[PDB]
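Consider the single chain below, provided in structure tokens and representing the form deposited in one PDB entry.
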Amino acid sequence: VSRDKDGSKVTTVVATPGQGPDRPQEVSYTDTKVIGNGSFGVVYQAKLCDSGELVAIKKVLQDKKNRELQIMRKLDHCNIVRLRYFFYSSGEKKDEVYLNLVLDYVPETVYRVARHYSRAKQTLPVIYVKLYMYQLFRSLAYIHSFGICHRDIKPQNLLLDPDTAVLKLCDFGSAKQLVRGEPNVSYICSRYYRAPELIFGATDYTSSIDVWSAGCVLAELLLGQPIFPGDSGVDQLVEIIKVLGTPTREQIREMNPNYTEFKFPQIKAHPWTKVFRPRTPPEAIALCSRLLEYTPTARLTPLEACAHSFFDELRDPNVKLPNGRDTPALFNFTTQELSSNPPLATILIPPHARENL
């Protein structure tokens, strides 16, 4: 609204703070550069003039309540990107308004970190896989406690600080609160991480679609490549049958009950130990088998995933990041996270850090 020039170009905007009271404040940012394009809009990078901290501004068009804003405003979690401020500007289309979302700036993503190891034909050390997965499940347990389904869980949406090993879930644009009765669109997630019940056209799906997507990211981090690389919507199901086998009539009823059960070419389930490279940690395979499951209700909950034996290293008091630093926050659990499965609190929070209530 007010482009000044002190350093070279300072934009000063009355941006409402996201988390907290609707006390509109004046916020100055500089170093404005484009860091992403698309149909959603544009994402800029910037540096706040007051604090000097780095931020990312996501600019989208709005008309007449925006779901992404209402969700970003309600969420506050260490493993979720924070909506620092939001404000309404103009731009690429005159006569139209633009919602700007000022968010935490994170330098890297799980996708880019994994692509580095994949290009070198090397596998990501499991301590990274444990850390990134555990944090993703905490962010999933938090948002699911409010009934919010992310519906776009992919490695490109797992912001990452490679020095602190902190993971931030981002891109809540496709997210939605799921209520028991109301139907929801079935063509939603990113294909590589789409749940089978979504391919089967289920409109009564639950948050289990996110846990499936996470299992696809666990397998992708253990394999070096996507486990279900579907050419299209029909291939995607074919890719799942190559590993999980043909779904059982019961399973097809759990995925989409409205779906007319048919006699499918019964393919056998390829054993899980053979899908992964030799000497892949057995607990990593055991968890993936409990997340990539046809029956949505049989998939683990995000808190149950966190309590799996695969993550026991993260609960070792002597655990440290390989760069020397100590691990990021892993047991700063809030009652809301632990709301479902309360007794896991004494399992998730190890003895060496029971001060977390």
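We call the rigid core whatever largest set of C-alpha positions still superposes within 1.5 Å between the two forms. All residue numbers are counted from 1 along the displayed sequence.
Peer 1: In this entry, is the chain continuous from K64 to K65, or are deposited residues missing in between (none, 1 to 3, 4 to 9, 10 or more)?
Peer 2: 1 to 3 residues lack coordinates between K64 and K65.
Peer 1: Quick one: say whether 146-154 or 93-101 has the higher mean Cα B-factor in the deposited entry.
Peer 2: Taking the mean C-alpha B-factor of 146-154 and of 93-101, the larger value falls to 93-101.
Peer 1: On average, are the C-alpha B-factors higher in 231-239 or in 257-265?
Peer 2: Taking the mean C-alpha B-factor of 231-239 and of 257-265, the larger value falls to 257-265.
Peer 1: Given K168, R138, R112, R180, identify the residue with the highest C-alpha B factor in the PDB entry.
Peer 2: By C-alpha B-factor in the record, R180 ranks first.
Peer 1: Between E68, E313, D50, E293, let me know which has the highest C-alpha B-factor in the entry?
Peer 2: Highest C-alpha B-factor among the listed residues goes to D50.
Peer 1: Lowest, middle or highest third: where is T123 by Cα B-factor in its chain?
Peer 2: Its C-alpha B-factor belongs to the middle third of this chain's values.
Peer 1: Quick check on the deposited entry: does the C-alpha B-factor of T297 sit in the lowest, middle or highest third of its chain?
Peer 2: Within its chain, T297 is a lowest-third residue by C-alpha B-factor, going by the deposited values.
Peer 1: State the tercile, meaning the lowest, middle or highest third, of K176 with respect to the CA B-factors recorded for its chain.
Peer 2: It belongs to the middle third of the chain when residues are ordered by C-alpha B-factor.
Peer 1: Sorting the chain's CA B-factors, does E108 end up in the lowest, middle or highest third?
Peer 2: Its C-alpha B-factor belongs to the middle third of this chain's values.
Peer 1: Lowest, middle or highest third: which one holds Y193 when the chain's residues are ordered by CA B-factor from the entry?
Peer 2: Lowest third.
The same protein also exists as the form deposited in another entry; that form is not shown, yet it is the one meant from here on.
Peer 1: Which one moved? Candidates are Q177, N258, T164, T248, criterion is a Cα shift of 2 Å or more between this form and the one not shown after superposing on the core.
Peer 2: The listed residue whose C-alpha shifts by at least 2 Å is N258.
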